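Values quoted throughout were computed directly from the atomic coordinates according to the rules given, and no laboratory measurement underlies them. Note that we place each Cβ from the backbone using ideal geometry, even for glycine, and neighbour counts take in every protein chain shown.
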Amino acid sequence: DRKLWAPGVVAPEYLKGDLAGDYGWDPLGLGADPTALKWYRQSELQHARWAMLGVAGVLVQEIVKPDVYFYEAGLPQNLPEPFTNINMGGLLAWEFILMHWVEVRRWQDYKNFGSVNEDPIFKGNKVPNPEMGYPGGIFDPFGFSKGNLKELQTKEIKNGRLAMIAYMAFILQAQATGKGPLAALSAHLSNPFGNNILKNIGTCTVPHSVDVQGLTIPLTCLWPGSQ
Amino acid sequence: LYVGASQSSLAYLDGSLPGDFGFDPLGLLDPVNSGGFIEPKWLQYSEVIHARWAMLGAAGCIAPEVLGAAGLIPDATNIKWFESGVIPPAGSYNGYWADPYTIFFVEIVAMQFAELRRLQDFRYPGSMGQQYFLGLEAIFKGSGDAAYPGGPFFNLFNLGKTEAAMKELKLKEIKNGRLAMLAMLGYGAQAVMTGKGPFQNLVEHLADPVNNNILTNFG
Amino acid sequence: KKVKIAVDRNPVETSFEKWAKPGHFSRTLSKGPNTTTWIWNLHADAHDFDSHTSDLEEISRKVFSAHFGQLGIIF
Amino acid sequence: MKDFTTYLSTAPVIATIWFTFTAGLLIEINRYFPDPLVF
Amino acid sequence: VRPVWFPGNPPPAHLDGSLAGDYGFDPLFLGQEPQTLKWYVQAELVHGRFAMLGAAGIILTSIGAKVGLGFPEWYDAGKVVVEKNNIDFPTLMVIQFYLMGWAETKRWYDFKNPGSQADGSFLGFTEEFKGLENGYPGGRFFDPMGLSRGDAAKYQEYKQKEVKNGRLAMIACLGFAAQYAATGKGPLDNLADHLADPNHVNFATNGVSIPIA
Amino acid sequence: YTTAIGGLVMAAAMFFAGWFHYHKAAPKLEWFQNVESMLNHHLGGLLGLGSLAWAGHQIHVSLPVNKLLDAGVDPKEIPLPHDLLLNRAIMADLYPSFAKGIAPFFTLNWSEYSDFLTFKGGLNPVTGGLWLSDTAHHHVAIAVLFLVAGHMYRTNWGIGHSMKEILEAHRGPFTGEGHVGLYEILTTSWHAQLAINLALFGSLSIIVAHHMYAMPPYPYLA
Amino acid sequence: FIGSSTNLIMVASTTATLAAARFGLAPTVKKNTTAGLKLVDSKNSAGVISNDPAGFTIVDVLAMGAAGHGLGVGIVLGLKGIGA
């Protein structure tokens, strides 16, 4: 049988190894309901892909632009040309409209599987969509799905889980030290016994609030550290 | 087995319960004409609950002083257990994220949810596994014994699969809990007597045992 | 010979059914009033626990609970 | 609840409630109309 | 089977889940009798609807008071309205009592005798006052959109939504009264003060709720 | 006000206890017939522990507060009872023996506590009542005496006394059998116990009236 | 305090009362007394088990310790009251 999440533990009845990356891990029994299990699988896939994109973006941004802090990169004054000091209202409007459209399409696909595959404007443009959360077609133009989709899906979910943990690590490292992941790694490599979680914890480098152009946005750390 | 045992207690103490050493000179587990709260199920349940709470209490009352003596935690923290905000006349800590009453209200809601659901599993065995609780009812089914519910969360690593292993671990748990209960009683008595932390009392006693004891601390 | 805690579980059910039936404690008063004398009797034998029944256990239980009621009034 | 209402319908409880109502009415009348001797 | 107020405890025998918002909550057995339960159902519905209207009005007026619109607080709106406009307070009281007396008396006698207000003795109207269920007076007047005479399942869902929103509104009105009695400010002022500093601006720091704090 | 709230809580507890003991957990007849155990508890626990607890309150609250009150200190300026119970400096200043702690009690140096445990007698010339140090020492002695008296009857071990045996052993030539059957009478009849208790209780109330007017124990009472 | 008169008197009193009950000279949990102060067998309800050959239980230790402490306290306070 497959290797579980712990030696000697017994996997739940609903976790028979059908989904990719199944380790029989469910201490809260949230997967007991099949509908809830499907929704949680979609949520896990979304979190995994978004976290992988965020981790890759933070790393590439720190490599290409080391003088820009990723935590404060959302400020309009830190945006690159020609988007510097741009109005955030129009930007939020653009993102809201586009993301709302794509997320409503994805949600409708979840509610009714295989019902929004066709393009609503140009008829005939459809995606195969063999499983929920795996549309394919235009989303996979390189044709990497015509093989062992199970092992590839396992690799995707495992890399996504690792990226989720890594992104939260980046967030807490930035909230406790005020620097990016590569900067924190270099600082720890300079003196491992002086720069670590033993001393960096308890201090919250994030300010109380920030005035984004006209309105103020409140900020806080994940733990009650010293401001 | 232990001192103070008698033939009266040995009639109903056959060794089935964990930690059964035949020590009951007051006859509190007599099943004949028993009721209310003085009955074997409630008494055993209360003993294991006190055991776990006292284990957490002993570890939490000695951890900040020990960690502060080693330099792992700063000097702002590392205060006595009775000066952390428990008893304001004895001392309080103002470094929390909110006042102790706000945190106390949060604790009221949290503890009421946990304790009331636990009580319902004791009163109605398995009743916490049917009503919707955001999918958490799958791990609140419990078992026959309210003191040992188990499940995917309460038994996370599935420890004690064998009956003998479970009995061994239960005996270890009750013994550690009884030791922790005695330790908590000693912590309170030392706090009232010496007015210092338990770790400080242990260090002072190890430095000079003849001149640092309950006899010399009377005056 | 052995001093222990001897207690019976749930002997009397908590209900308001007997609250609507005056004189239930007495066999003679449970029939109902026919004359005004009955009313006075209803108050003259309310605490006469040994007159309601001959069971010493029931009388002792009633006395012990009545003591708690008296202590509550005093408090 | 039926037994409780029947208990409340007994002579001492009814007399207590009725006398409390009558006494309260007389007290409130004498409070809003102090010292009434003649009509 | 259905979710109850306190999980694990069986619901009472007089609460079988037929009514809207039934959670088996009756520890004092106030509605144990059927007629008393029917009367209490109508009382709870009236209370919930009045609390919903009151909560919506208080929230809207507080919203207008927070922004520069000149709206007064809910605890001063009566005085502001009676003094700003030449309105006599006893006259308004009598008018409201007349209209409410007519409506409530018709509702009361319909509760005592169901369908008795449909005889046509009130200006010839018959079907507009027949009444669908207890506390649910359907018709073209009270329900002009006809949401109660179409899609029975949707009607039951709306009944559950109505009773739950009414209970929440009753709790909200009690919260408004307690917040004004303790802090002395408007509800949105309390909400803004809490959003400014939630760790130090709450009921545990107002100095009135917890006297030992 | 706090005492009134506590009294209401105690009243609720008493009513709950009566309901619980009549409808949920009712004691059996053999439980009520444990006169030896009941007498041991009433003598030691109730009377002795109550006297000891009141002696502790008098030593830690009544004595310093009343000493400052008789000295002319305003009640607002007098430290709170918990302040007196929290630090040894204030109590040591008011009573020097408090500087030694509870050490003289365990080393059998009770004479050191003579500052707050006296035999003054008479009355306080400032308040007209009995000296509170005398009342505190009185309650201490009463607590020790009642605690000793609470270990006389046999309950579950060999040590102790059996009242039936004591009653049966008292028999002279002028009274025939003696106290035979008295143990069964007092363990089966509530009216006989009520008669004895009411007689001694009324006599005690009269004794209380006499001792209270003759030796006024409260300040500004005489 | 160690070696003083109070300590020696208290230790001697406790040892004397504990040794009397163990060697059949004082009442115990197993042996009672009649009206003529003669040792007789008892009927203890607990029946405390003890590995001691004379049946000395922990209850006997507590009873003898309390009696010895009372005797020692009385002797110490009496000697302190007469100038001895």
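What number of residues within segment C:1-26 satisfy the criterion of being over 30 Å from B:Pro31 (Cβ atoms) and without any contact (Cβ under 8 Å) to a residue 12 or more places away in the chain?
The first filter runs over segment C:1-26 and keeps only residues over 30 Å from B:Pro31 (Cβ atoms), leaving C:16-26.
Pick out the ones that are also without any contact (Cβ under 8 Å) to a residue 12 or more places away in the chain and you get C:16-21, C:24.
Residues meeting the conditions: 7.
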Checklist entry - Condition test on B:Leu67, is it free of Cβ contacts under 8 Å to residues at least 12 places away in the same chain, part of a helix (DSSP H, G or I) and surrounded by 14 or more Cβ atoms within 10 Å (Cβ to Cβ)? => result yes
Next on the checklist: Yes or no: segment A:117-125 includes at least one residue that is closer than 18 Å to A:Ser43 by Cα and free of Cβ contacts under 8 Å to residues at least 60 places away in the same chain.
Outcome noted: no
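Report the residue count in segment C:7-26 for those that are away from chain D (no Cβ under 14 Å), over 17 Å from C:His52 (Cβ atoms) and not charged (D, E, K, R).
Summing the residues that are away from chain D (no Cβ under 14 Å), over 17 Å from C:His52 (Cβ atoms) and not charged (D, E, K, R) in segment C:7-26 gives 2.
For segment E:136-156, check the following and say yes or no: at least one residue is surrounded by 14 or more Cβ atoms within 10 Å (Cβ to Cβ), in contact with a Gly (Cβ under 6 Å, 6 or more places away or on another chain) and in contact (Cβ under 8 Å) with a residue 12 or more places away in the chain. Can you show your working first?
Just the residues of segment E:136-156 that are surrounded by 14 or more Cβ atoms within 10 Å (Cβ to Cβ), to begin with: E:136-139, E:143, E:148, E:155.
Remaining after also requiring in contact with a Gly (Cβ under 6 Å, 6 or more places away or on another chain): E:137, E:148.
Imposing the further condition that a residue be in contact (Cβ under 8 Å) with a residue 12 or more places away in the chain reduces the set to E:137, E:148.
Scanning segment E:136-156, I find at least one residue that is surrounded by 14 or more Cβ atoms within 10 Å (Cβ to Cβ), in contact with a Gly (Cβ under 6 Å, 6 or more places away or on another chain) and in contact (Cβ under 8 Å) with a residue 12 or more places away in the chain, so the answer is yes.
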Item to check | Enumeration of residues in segment C:30-58 that are surrounded by 15 or more Cβ atoms within 10 Å (Cβ to Cβ), away from chain D (no Cβ under 14 Å) and aliphatic (A, V, I, L, M) | outcome: C:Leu56
Item to check | segment C:20-29: number of residues that are within 21 Å of F:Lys24 (Cα to Cα) and surrounded by 15 or more Cβ atoms within 10 Å (Cβ to Cβ) | outcome: 1
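Of everything in segment B:70-90 that's aliphatic (A, V, I, L, M) and within 16 Å of A:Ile201 (Cα to Cα), which residue is surrounded by the most Cβ atoms within 10 Å (Cβ to Cβ)? Talk me through it step by step, then tell me what you get.
Step one: of segment B:70-90, the residues aliphatic (A, V, I, L, M) are B:70, B:72-73, B:76, B:79, B:86-87, B:90.
Next, only the ones that are within 16 Å of A:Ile201 (Cα to Cα) stay: B:72-73, B:76.
Working: B:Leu72: 10, B:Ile73: 17, B:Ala76: 11.
Checked segment B:70-90; the qualifying residue surrounded by the most Cβ atoms within 10 Å (Cβ to Cβ) is B:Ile73.
Return a yes/no flag: does segment A:184-199 have any residue that is closer than 30 Å to A:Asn85 by Cα, surrounded by 14 or more Cβ atoms within 10 Å (Cβ to Cβ) and small (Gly, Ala, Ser). Walk me through it before giving the result.
Just the residues of segment A:184-199 that are closer than 30 Å to A:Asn85 by Cα, to begin with: A:184.
Imposing the further condition that a residue be surrounded by 14 or more Cβ atoms within 10 Å (Cβ to Cβ) reduces the set to A:184.
With small (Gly, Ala, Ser) added as a condition, the list becomes A:184.
There is at least one residue in segment A:184-199 that is closer than 30 Å to A:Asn85 by Cα, surrounded by 14 or more Cβ atoms within 10 Å (Cβ to Cβ) and small (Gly, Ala, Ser).
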Item to check | Residue count for segment E:195-211, restricted to those that are at the interface with chain B (Cβ under 9 Å from one of its Cβ atoms) and loosely packed, with under 13 Cβ neighbours inside 10 Å | outcome: 1
Item to check | Residue within segment B:136-145 that is surrounded by 13 or more Cβ atoms within 10 Å (Cβ to Cβ), outside any helix (DSSP H, G or I), within 20 Å of the chain's Cα centre (by Cα) and away from every other protein chain (no Cβ under 12 Å) present | outcome: yes
Item to check | Test: residue in segment E:151-168 that is aliphatic (A, V, I, L, M), assigned to a helix (DSSP H, G or I) and either more than 18 Å from E:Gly48 (Cα to Cα) or in contact with a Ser or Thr (Cβ under 7 Å, 6 or more places away or on another chain) (or both) | outcome: yes
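Would you check which residues across segment B:34-46 are small (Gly, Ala, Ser) and either surrounded by 15 or more Cβ atoms within 10 Å (Cβ to Cβ) or out of contact with any helix residue (DSSP H, G or I) (no Cβ under 7 Å at 6 or more places or on another chain) (or both) and list them? Can you show your working first?
We begin by selecting, within segment B:34-46, every residue small (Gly, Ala, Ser); these are B:34-36, B:46.
Hits for segment B:34-46 are B:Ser34, B:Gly35, B:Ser46.
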Checklist outcome for this item: Checked segment A:135-156 for anything charged (D, E, K, R) and either surrounded by fewer than 16 Cβ atoms within 10 Å (Cβ to Cβ) or assigned to a loop (DSSP other than H, G, I, E, B) (or both); matches are A:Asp140, A:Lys146, A:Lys150, A:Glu151, A:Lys155
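If the requirement is being assigned to a loop (DSSP other than H, G, I, E, B) and away from chain B (no Cβ under 14 Å), which of these qualifies: E:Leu53, E:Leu19, E:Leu37? Outline the logic, then answer.
Values: E:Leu53 fails: assigned to a loop (DSSP other than H, G, I, E, B); E:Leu37 fails: assigned to a loop (DSSP other than H, G, I, E, B).
Step by step, each of E:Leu53, E:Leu19, E:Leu37 is checked, and only E:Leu19 is assigned to a loop (DSSP other than H, G, I, E, B) and away from chain B (no Cβ under 14 Å).
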Item to check | Residue among C:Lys4, C:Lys62 that is at the interface with chain F (Cβ under 9 Å from one of its Cβ atoms) and either outside any helix (DSSP H, G or I) or closer than 30 Å to G:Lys43 by Cα (or both) | outcome: C:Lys4
Item to check | Per-region count, segment B:10-55, residues in a helix (DSSP H, G or I) and within 27 Å of B:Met184 (Cα to Cα) | outcome: 16
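Restricting attention to segment B:168-219, which residues are part of a loop (DSSP other than H, G, I, E, B), under 13 Å from B:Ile62 (Cα atoms) and touching an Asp or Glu at 6+ places or on another chain (Cβ under 7 Å)? If you could, list the steps in order and put the result at the bottom.
Narrowing segment B:168-219 to residues part of a loop (DSSP other than H, G, I, E, B): B:194-197, B:208-219.
Narrowing further to those that are under 13 Å from B:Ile62 (Cα atoms): B:196-197.
Residue satisfying the conditions is B:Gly197 alone.
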Next on the checklist: Could you tell me how many of the residues in segment E:21-56 are in contact (Cβ under 8 Å) with a residue 24 or more places away in the chain and more than 30 Å from E:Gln179 (Cα to Cα)?
Outcome noted: 2
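For segment B:158-168, which positions are within 14 Å of chain A (Cβ to nearest Cβ), surrounded by 13 or more Cβ atoms within 10 Å (Cβ to Cβ) and at negative phi? Outline the logic, then answer.
Pass one, segment B:158-168, residues within 14 Å of chain A (Cβ to nearest Cβ): B:158-162, B:165-166.
Narrowing further to those that are surrounded by 13 or more Cβ atoms within 10 Å (Cβ to Cβ): B:158, B:160, B:166.
If the condition is that a residue be within 14 Å of chain A (Cβ to nearest Cβ), surrounded by 13 or more Cβ atoms within 10 Å (Cβ to Cβ) and at negative phi, then B:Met166 is the only one that fits.
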Checklist outcome for this item: Flagged in segment B:5-33 as buried (at least 17 other Cβ atoms within 10 Å of the Cβ), within 11 Å of chain G (Cβ to nearest Cβ) and of a type in the set (A, V, I, L, M), in numbering order, are B:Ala5
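Of these, G:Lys38, G:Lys31, G:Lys80, G:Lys43, which one is over 11 Å from the mean Cα position of the chain (by Cα), surrounded by 14 or more Cβ atoms within 10 Å (Cβ to Cβ) and within 27 Å of F:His170 (Cβ to Cβ)? Please lay out each step first, then the result.
Working: G:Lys38 fails: surrounded by 14 or more Cβ atoms within 10 Å (Cβ to Cβ); G:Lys80 fails: within 27 Å of F:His170 (Cβ to Cβ); G:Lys43 fails: surrounded by 14 or more Cβ atoms within 10 Å (Cβ to Cβ).
Within the list G:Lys38, G:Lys31, G:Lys80, G:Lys43, the selection yields G:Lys31.
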Checklist outcome for this item: Screening A:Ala183, A:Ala176 for residues that are of a type in the set (A, V, I, L, M, F, W, C), over 21 Å from A:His47 (Cα atoms), in contact with a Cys (Cβ under 8 Å, 6 or more places away or on another chain) and more than 14 Å from every other protein chain (Cβ to nearest Cβ) leaves only A:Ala176
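Scan segment E:105-117 for residues that are assigned to a helix (DSSP H, G or I) and either over 21 Å from E:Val46 (Cα atoms) or of a type in the set (S, T, N, Q) (or both) and jot them down. I'd like the intermediate steps shown before the answer.
So the first thing to find is which residues in segment E:105-117 are assigned to a helix (DSSP H, G or I), and the list is E:105-112, E:116-117.
Within segment E:105-117, E:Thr105, E:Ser116, E:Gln117 qualify.
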Checklist outcome for this item: The lone condition A:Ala166 fails out of (1) in a loop (DSSP other than H, G, I, E, B); (2) small (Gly, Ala, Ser); (3) touching a helix residue (DSSP H, G or I) at 6+ places or on another chain (Cβ under 6 Å) is (1)
Checklist entry - Counting only residues that are within 7 Å of chain C (Cβ to nearest Cβ), free of Cβ contacts under 8 Å to residues at least 24 places away in the same chain and either surrounded by fewer than 19 Cβ atoms within 10 Å (Cβ to Cβ) or not in a helix (DSSP H, G or I) (or both), how many does segment F:20-40 have? => result 9
Item to check | Meets criteria (among the aliphatic types (A, V, I, L, M), under 18 Å from F:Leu39 (Cβ atoms), part of a helix (DSSP H, G or I) and within 25 Å of the chain's Cα centre (by Cα)) for F:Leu194 | outcome: yes
Next on the checklist: From the list F:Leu167, F:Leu221, exactly one residue is in a loop (DSSP other than H, G, I, E, B) and either in contact (Cβ under 8 Å) with a residue 60 or more places away in the chain or of a type in the set (A, V, I, L, M, F, W, C) (or both). Which is it?
Outcome noted: F:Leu221
